[PDB]
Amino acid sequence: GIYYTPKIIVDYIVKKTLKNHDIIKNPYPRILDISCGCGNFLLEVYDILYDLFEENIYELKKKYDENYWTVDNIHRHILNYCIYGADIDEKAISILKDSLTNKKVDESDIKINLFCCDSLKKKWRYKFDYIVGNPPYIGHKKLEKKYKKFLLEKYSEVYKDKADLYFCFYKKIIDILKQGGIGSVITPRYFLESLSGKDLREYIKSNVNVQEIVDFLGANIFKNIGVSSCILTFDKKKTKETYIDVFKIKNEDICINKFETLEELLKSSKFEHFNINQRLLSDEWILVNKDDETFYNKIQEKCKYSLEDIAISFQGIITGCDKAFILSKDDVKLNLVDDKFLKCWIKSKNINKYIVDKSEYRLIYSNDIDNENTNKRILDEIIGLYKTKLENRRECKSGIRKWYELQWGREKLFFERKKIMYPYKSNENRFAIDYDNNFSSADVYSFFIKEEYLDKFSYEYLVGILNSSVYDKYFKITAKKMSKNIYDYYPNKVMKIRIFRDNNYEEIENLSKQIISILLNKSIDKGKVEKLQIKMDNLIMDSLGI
């Protein structure tokens, strides 16, 4: 339940909020960690504060109560007035209390402002100058359902649907940050692009000035943790310019301890820096350099259609228990299943550019099983081996589905037709024409072209441009970066891809057909495909004027 932030990042975040604090003008800064754990951030805040007071102790002594400002009194003053922390874990607070106490070697006891509580429910009696830390990340599946009711009712401005718990910590931190205060936190990066984070992005943009965003993309910041990180620094200062510094990593393979400090890494060639006008952020935050922005805007202005305009999108089958319904095509159990019940089944790894690998699995479309007495053998010997787990699906407990039915079987006729399929998570654009009525789970998305757009766009033309290097770069500008070399390819962004028709349509389509013809050969010469792709990329770059 407790996660250790790397020391190099903790030091950076504390320095970010405190390095320019005028301790002479305000010797009572309130610094808060809203989920402080064992005190990774707060113990470093202590050290930074102690040097700050000690370096200026005589100036404080002269300006203020000279009996109060002595070096021997710095420890007590820091704990009474400056350091605040809250965490749900009682043991961690106890350890942090000891660590703060042991900063100096009984006299009258010193009150330490540490609270064991739910920070999202605490009645905070005052605002804070500086707020730092690493909040909990809990998504919609791992969050207890009784708690979501409170979040949906009290944090509705940032928390709906598939939002994350750390959205609410952003809201709490902002709300209790003083005027002129500064906050700096490390959270997942996904809210920067995700559909769920739209409301949170709106809340940040209109309530604070975002000073800086450090985007680590798919780098592994937390050892043995499958998460992708970013650092946000923001303030409530009266400013006029409100430009954001964006530091975006260039190589996801770096080990974070390259230098003694993080700011050395940010200035190095391992990162790129650029500025974004906060006032120009739409509901989407497009955080790219001027070359990429110029590139993105050209494509948007040139393309008159989007995929959503011309296509019908849908998510794949969700059986609710794949082991009950999915069998290898050579499994002897399939002799028990009438072939009218069997569908070809593919995984995301089966989707290549332009074409799908031949399927090795079969789906039992159990929705078409009329009743339990007529296909008893299928139920008793195949599906019923998982009857307990099948019965625990939500729609079976409510009686909407029979225990042997697919949870979300969708419409068969959507799959049993010519269509385009693509993996839900990939390192690159992989859009394939499906000729074989393939079904799939939710790791593969599909679409088909609307009837009224068939005479403007063909499937062969679409996989041509969509698989091109231009469109690979174009999609990744705004795509959701998930983990190292993985982007989400979900309809909420894939269907926003814009497309064009011009004089190059026929040659692009013809090149795509040549590629498809070679790829479907037995003795395929993969080499010529790459040359045809290079030729097609040139046509597309000519078409879009890049």
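For every residue, the number given is its place in the sequence shown, counted from 1. Think of the rigid core as the biggest set of C-alphas that the two forms share within 1.5 Å after superposition.
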Please pick 257-265 or 279-287, whichever has its Cα atoms farther from the shown form in 8 other deposited structures of this protein after a rigid core fit. 257-265
Do at least a third of the other compared PDB entries leave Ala311 without coordinates? no
Tell me whether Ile186 turns out to be unmodelled in at least a third of the other entries of this protein, restricted to those that model residues on both sides. no
Between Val105 and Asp106, what class does the number of missing deposited residues fall in: none, 1 to 3, 4 to 9, or 10 or more? 4 to 9
When the C-alpha temperature factors are averaged for each of 293-301 and 90-98, which stretch ends up with the higher value in the entry? 90-98
Higher-scoring stretch by recorded Cα B factor average, 370-378 or 195-203: 370-378
Between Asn437, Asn134, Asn73, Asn352, which carries the biggest CA temperature factor in the record? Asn73
If I read the C-alpha B-factors straight from the PDB entry, which of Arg362, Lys323, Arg125, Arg410 is highest? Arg125
By the record's CA B-factor, is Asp537 among the lowest, middle or highest third of residues in the chain? lowest
Is the Cα B-factor recorded for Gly181 in the lowest, middle or highest third of its chain? middle
Could you say whether, by C-alpha temperature factor, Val158 belongs to the lowest, middle or highest third of its chain? middle
What third of its chain's C-alpha B-factors does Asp309 belong to: lowest, middle or highest? lowest
When the deposited Cα B-factors of this chain's modelled residues are ordered and cut into thirds, is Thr187 in the lowest, the middle or the highest one? lowest
